[PDB]
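Engineer: this one's structure only:
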């Protein structure tokens, strides 16, 4: 992101990290 | 001792003789030395030269080789031998086959090598070292093609005895259709002890040296020198540029002391027109001297025409691995360097060499092929000179590791410097190359980006920028009573000039002289800009809201200087080609002509562009406050409809004008079917953004429903679309806020229709101001012709009838039309 | 035409070109098409504070010079003074025991097969990227990871080493296994720890530096990636080797 | 001998062809940049095949005729069709070197005459350093596109060929798999194509597991091959005519009745033994002009396949 | 299994228990209910060869 935000296939890098935060929210909801 | 690898197969025999004396029995064998050097020569003559053998010809005389027709056959073979893959040498269709510059030695050799054969330059050819070879293209000359017939002529430059041996320096000159193409320079070394000072000399052509005579204790020095003969003794040298085209014959009596020194050549002066004229001769003669004083003088007190300037840091280009071939037979076949020490194990062994050594010229060509690939982006023509030192000898099947560095610049040519090492890490080759930059155009931006501190980073560092700003700032301070640097650095909101004191009354006369012409109902109307300013005035204040740096008259010269200073920095670092084409966009054109054609002084450039900014402030009536009824919008004709072209806009806009009787025009043709700029009456710009807002939504395709469907009903269709937007845009508040519509964006800040016919009226005063500030003497035609692309006519500048004619058709100028009428000033 | 005259006329024309310039439209379409086509300019330098005309040349070249450029094999450079100074000026810029990670072991196994240094391989890069050319070495790496870690993903030469190291880290437990053990057995015997074998080399670490089994393996693996190659005299030197590796 | 007999071979083969010397004394061997050139690599790749067919026949205690009796047919990819048709002639150890001589001479004129037709020139170093960082190879006249349907590749070449004039146009040259292709043409023109393909490919560390399938960027390899000529391209058509002439001069013809297994033509897939015209002329067309449809070629049925080719694991077998 | 990585995980379970039968119910995203983002065909073409190496895997197509 930081490399490419230096300047398509950026909206894809963005919803790959949006998606990991959905899963990550479930894991720390599970640790709670 | 036999060579089998000869010109015509018939093997060649070197008879080496030896006295066998049995009376002296410790050392019974002794070499016969009487005519030993003239057996060794006879042999090499059979192998190299194609003439009747004769070593009685003067070294000082010129040597001329056979005319050599280049053929695709020869060039094809040569490139495979050396390993030069470059596309320029392959036979493709259309474009003609080029020869590499290396190929010069194949043309030159029979002439060049003949220079070391004479009786008077006596040496053991078996102990001959090629020290250094060089090529130098004569400026302008295109490289060798494949149909060309190429005359050669070689001249011995130096023969000089050194302790360790005799160094012969030869200068071959290739010619095509009567003109020089390039100079080949070879230095040969005969190892030995020579005391042959009778037959030793130096006959160089020195580099052209120029002196700018500025002072009177420069002219008084030149008049002291016996050797500075003038034709007209009274001739005025002050503020003249003298060039000394000098050559120096030198004979020797000893290793260090010269028997006779001789310097001579024309002294030329650059005229107002930049043609040169002979006005003098150098005529220095001496007996037993230790020096040439003439050249020692010109080195210190003058300069050369070109100056190399080193980059801060050398840039590594590459580190490449060439390989010497297993045998030196194929290089020898194409070159005609049949030297037996390269092919025959026995001759190599008789010369105490470590093996049948690779030809130096093979190593030279090989490496020059890598320089041409990594520094000339594989374009033959760019590599412009090349000079090789042969340091150590190279054996077949070696792995050479050459390191190439961009090291400096000289007048737009890159200054490449390489060294080549073998596996043992020993330097074998070293050398330099001059390489043209790619064919270059400079384009100077116009108004838009004008930020506080613009160009001030480059003013801290650069000596060349500092000259430009400090010169301009001092001119503005003494003429208009403000610093442009203060304006650019601080961007004040207000700026009062004061007209106090001797220097203030002078500054006030400069503001009172500035006039414009507008159409005021009836006629043309001459006026002073700055009407407030009269002889009883003691101050004048310039106001803005945001800052004075966004007020056109300060922006115009700031922007122009920024550019002139950027460019003068480049030129000082050697980065500007001699042949560059240039253009500016609008105001850009002034920066560009000051920079690449020195048409104006810095002081004159910033005057003109200040007056320009001033004339483009006052041409529109703006009664209210800083608000007019004119503006300009940027159109993207691609966005309104995919079929809407530069024929669609040129109609719509021409009709909206002819219909509503309100001035609107296309002023900038920027990017085709993508960026135009329309300027005129803010109302007529509000119709055009609505007519184009219409055709977007309505999807009515002008060209489809144009000449195809309805003939001269297009005007019927369109006038209908105009009149429902036109008479809707006549009812706005007097100074109408202009808004944006799908295709058309309004350019914020621009309050005047510059580049329209609206200010064809305000031209006579601006013309008369350019004629004061652009002098005839400062226009070098050579520097504009085919390089400067004006905005008026997008046609490379030329001083021919068809160009003048073409200008008249766009302008309607009487000083132009009166030239076309009597274009017979070919009779002076 | 005499130069004195040619100069007189150039002066007239140049004065009139400039005079009228602001009272006629700026023909920058035709201008571009003079210096891009009729001079085949290989390099446009925009002198100016922002890159306006460099934007315009980029767009003009793409719109109607794609087919013209390709047919001359004419590579073209568009440089702003403000943005691309470095191109124009030619001035570029230059102790507790732990079982070995998969992320180290994988790096070393790859590094060793490419005859390359443990930092010249970046971990954020696919195996088919590092050996793109020779396909033999690629499969030969995959054969080595097969022996070493057992079960692989599907198309392991399409996932970066960084990413692939994790997939192994799970089902592997600081085990040197078949391939790595056999590479160290060669490293020691084939190099000139002249008399001192593995057990004698291990004990030196464990005694001098204080590194048990897990950490011990970790140092040997870095030694494999920094192979001395050259003959080395004695233990005195082969001790100075193991010191730099640890 | 064939360098001396050929009019101007010695100007192509600067460092000769004494392959005894190069193997006996590794250091007098030329450099890896001469050896890869097609004049010297074509015939030597012939040698390495014939050599494998020898060490095969000898260790089985067979004469070459007996080994080809057990073969149900033979074929070859690109220039291997020459060392295939030679193996279909062989009979006894004595009349083996007459087949070999025939193979090598056909493979030598292909290598010579094609160099002269279209020779590999130096690319600007800008192009070269761009290809190496984006993990395409060193540019060459041969581009291998893995993991795209013949249809998908043929789009990206039509795009690319729209901007290019006739004699610079690229074409699909080998159709190795359904999703394995090789595009031939001028290395500038192929660098063009690799730009078009950089657009369309997915960053390797992305993870597309959560995107609908029919919206995913395609995941594929494109890589320049290590060759020096564009085989199976219109570029080499000039050579065609000159090789046909310099086989009639060296008295080299393959005849239907001499070749005693089927040899599978690499374009049609048919048998060479069934032809009206010269078999030698067709085997030249198949390497120079015509593409290689490897699926329609290798459409014979067979329990086993022997790959004698160079490469081994990397070779045509796998 | 939803994806290729999951088909690989099934193969590994059928390797571990080579006598035990294992019905590999392959389903594409086009199936009703909770579904993957996967094509029905592409992942089978890539993995079929590897699946059939294990005779205890009985391979069932749905969706």
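Structural biologist: On my side now, so go ahead. Residues are numbered from 1 along each chain as shown, chains lettered A, B, ... in the order given.
Engineer: where does chain A come near chain D, residue by residue?
Structural biologist: With C-beta under 8 Å from any C-beta of the partner chain as the criterion, chain A meets chain D at residues A:9, A:12-13, A:16, A:19. Quick note: C-beta positions are derived from backbone N, CA and C, even for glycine.
Engineer: Now restrict the residues you listed to buried residues only.
Structural biologist: Among the residues of chain A next to chain D, those that count as buried by neighbour count (16 or more other C-beta atoms under 10 Å in any protein chain shown) are A:12-13, A:16.
Engineer: Out of the residues you listed, which is nearest to residue B:25?
Structural biologist: Using C-beta to C-beta, residue A:13 comes nearest to residue B:25 of these, at 94.5 Å.
Engineer: list the contacts for that closest one?
Structural biologist: With contacts defined as C-beta atoms under 8 Å, 6 or more residues apart in numbering or on different chains, the neighbours of residue A:13 are A:1, A:4, D:203, D:206.
Engineer: Can you name the residue of chain C nearest chain A?
Structural biologist: residue C:124 (11.2 Å; C-beta to the nearest C-beta).
Engineer: Same question for the stretch 51-200 of chain D.
Structural biologist: The minimum distance from the stretch 51-200 of chain D to chain A, using C-beta to the nearest C-beta, falls at residue D:199 (8.7 Å).
Engineer: name the element the residue of the stretch 101-250 of chain B found nearest chain D belongs to?
Structural biologist: In the stretch 101-250 of chain B, the residue found nearest to chain D is residue B:106; the distance is 14.3 Å by C-beta to the nearest C-beta. According to DSSP states H and E, residue B:106 maps onto helix B:104-114.
Engineer: Give the phi and psi angles for residue B:303, as a check.
Structural biologist: Backbone torsions for residue B:303, taken as degrees, to the nearest 10, come to phi -150, psi 160.
Engineer: Any idea what it is bridged to?
Structural biologist: With DSSP bridges applied, residue B:303 shows beta-bridge pairing to residue B:210.
Engineer: That one and chain C: what is the separation?
Structural biologist: Counting by C-beta to the nearest C-beta, to the nearest Å, the gap from residue B:303 to chain C is 24 Å.
Engineer: domain parsing for chain C?
Structural biologist: Following the assignment in CATH domains of a matching chain, chain C carries domains at C:1-93, C:94-246.
Engineer: could you redo those domains as JSON lines and give each row mean neighbour count?
Structural biologist: Output for those, formatted as JSON lines (neighbours: other C-beta atoms under 10 Å in any protein chain shown):
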{"stretch": "domain C:1-93", "mean neighbour count": "19"}
{"stretch": "domain C:94-246", "mean neighbour count": "16"}
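Engineer: Sketch out the strands for the stretch 151-300 of chain D, chain order is fine.
Structural biologist: Taking DSSP state E, counting those that start in this stretch as the criterion, the stretch 151-300 of chain D contains strands spanning D:171-175, D:180-184, D:221-224, D:263-264, D:292-293.
Engineer: I would like the residues contacting the fourth one, please.
Structural biologist: This means strand D:263-264. Contact with strand D:263-264 is made by D:73-75, D:81, D:84-85, D:88, D:270-273, D:297-298, D:300, as judged by C-beta under 8 Å, 6+ apart.
Engineer: And the second one, by the same measure?
Structural biologist: Residues from elsewhere that reach strand D:180-184 (C-beta under 8 Å, 6+ apart): D:141-146, D:148, D:150, D:153, D:157, D:170-176, D:190, D:193, D:225, D:230-233, D:235.
Engineer: got it, and the first one?
Structural biologist: Applying C-beta under 8 Å, 6+ apart, the set of residues contacting strand D:171-175 from outside is D:77-78, D:142, D:150, D:153-154, D:157, D:181-185, D:230-234, D:291-295.
Engineer: Check the third one too.
Structural biologist: Surrounding strand D:221-224, the residues in contact under the criterion C-beta under 8 Å, 6+ apart are C:128, C:132-133, D:131, D:135-140, D:142-147, D:187, D:190, D:194, D:197, D:201.
Engineer: and that strand, which strands flank it?
Structural biologist: When pairing is defined by DSSP bridges, strand D:221-224 lines up against strand D:142-146 (antiparallel).
Engineer: any idea where the helices of the stretch 1-150 of chain D begin and end?
Structural biologist: Listed from the start of the chain, the stretch 1-150 of chain D has helices (DSSP state H, counting those that start in this stretch) covering D:2-5, D:19-24, D:38-59, D:64-70, D:80-87, D:97-117, D:125-133, D:150-162.
Engineer: for chain C, same thing?
Structural biologist: C:3-20, C:28-35, C:52-64, C:66-70, C:85-89, C:102-113, C:127-130, C:135-149, C:161-171, C:177-190, C:198-208, C:213-225, C:235-245 (DSSP state H).
Engineer: What number of residues are in the vicinity of residue B:664?
Structural biologist: As a burial measure, residue B:664 scores 27 neighbours (other C-beta atoms under 10 Å in any protein chain shown).
Engineer: With residue E:35 instead?
Structural biologist: Considering only other C-beta under 10 Å, residue E:35 is surrounded by 13 other residues.
Engineer: did I read that right, it in a strand?
Structural biologist: No: counting by DSSP: H, G, I helix; E, B strand; the rest coil, residue E:35 is not found in a strand; it is coil.
Engineer: With distance to residue B:280 added, can I get the domains of chain C in CSV?
Structural biologist: As requested, the domains of chain C are arranged in CSV below (distance: least, C-beta to C-beta, whole Å):
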stretch, distance to residue B:280
domain C:1-93, 21
domain C:94-246, 53
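Engineer: which one of these lies closest to chain E?
Structural biologist: Between chain E and the domains of chain C, the shortest gap by C-beta to the nearest C-beta is with domain C:94-246, which sits at 5.2 Å.
Engineer: Between helix C:161-171 and the lengthiest helix in chain E, find me the angle.
Structural biologist: Looking across chain E with DSSP H, the single longest helix is helix E:4-16. Helix E:4-16 runs at 30 degrees relative to helix C:161-171, counting by axes from the mean of the first three to the mean of the last three C-alpha atoms, to 10 degrees.
Engineer: so how far is residue E:20 from residue C:61?
Structural biologist: Shown here: residue C:61 relative to residue E:20, a distance of 66 Å by C-beta to C-beta, to the nearest Å.
Engineer: Leaving out chain neighbours, which residue sits closest to the closest residue to chain E within the stretch 101-250 of chain D?
Structural biologist: Of all residues in the stretch 101-250 of chain D, the one sitting closest to chain E is residue D:213 (4.6 Å; C-beta to the nearest C-beta). The shortest distance from residue D:213 to any residue that is not its chain neighbour, by C-beta to C-beta, 6 or more residues apart in numbering or on different chains, is 4.6 Å, and that residue is residue E:39.
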